[PDB]
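Next up is one chain by itself, shown in structure tokens, the form deposited in one PDB entry.
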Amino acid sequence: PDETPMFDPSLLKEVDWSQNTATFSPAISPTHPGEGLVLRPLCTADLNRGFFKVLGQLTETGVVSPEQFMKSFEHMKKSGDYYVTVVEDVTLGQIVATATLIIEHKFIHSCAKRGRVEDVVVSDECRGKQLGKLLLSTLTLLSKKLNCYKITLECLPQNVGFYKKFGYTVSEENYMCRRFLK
């Protein structure tokens, strides 16, 4: 378990924030998430930084073993297709938000990449920090930078408005789903 990021952190700091289409108030950015905050890729030491306690808020996982974490991490890391991003409160040394960008590869559209935004969560006692908006914008604009032809996500109809702020529109296509688990 080390500090080695999943992707090159230059990728985040080189994102053109002028291209952000959402209302920030106060105006924050990836470079300046807020007092005592760092927006960065996930690394292996984040295991001990309450990363699962932030994910698990969204949905109760089972005890993921350290070994299991590093395998998942490494496969994701050297795929080049996962951009698991985290906000750290440095003053407490804990993770306080996370969101994932997945690059999918296709053959259609000149062998193009499309993005998927997955697993956007912000810690319960850490609302009003705009880290949801912040991660969404960052991750959205990160996919453009990675030259995705498009980027998609699922949301509840109630938050359908929250996402229009990032350039997203409601597709006429339905999301369809089959559970094997439960």
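Numbers follow the displayed sequence, beginning with 1.
Beyond what is shown, the protein has a form deposited with a small molecule bound; the following relates to that form.
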Find out whether any non-hydrogen atom of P26 is located within 4.5 angstroms of the small molecule in the deposited bound form, and reply yes or no. no
Closest heavy atom of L139 to the small molecule in the deposited bound form, within 4.5 Å or not? no
Verify the contact flag for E154: yes if a non-hydrogen atom of it lies within 4.5 Å of a non-hydrogen atom of the small molecule in the deposited bound form, no if not. yes
Going by a heavy atom distance of 4.5 Å, is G128 a contact of the small molecule in the deposited bound form? yes
Whether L39, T44 and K77 all lie within 4.5 angstroms of the small molecule in the deposited bound form by heavy atom: no
Tell me, out of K144, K113, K133, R49, which residue has a non-hydrogen atom within 4.5 angstroms of the small molecule in the deposited bound form. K133
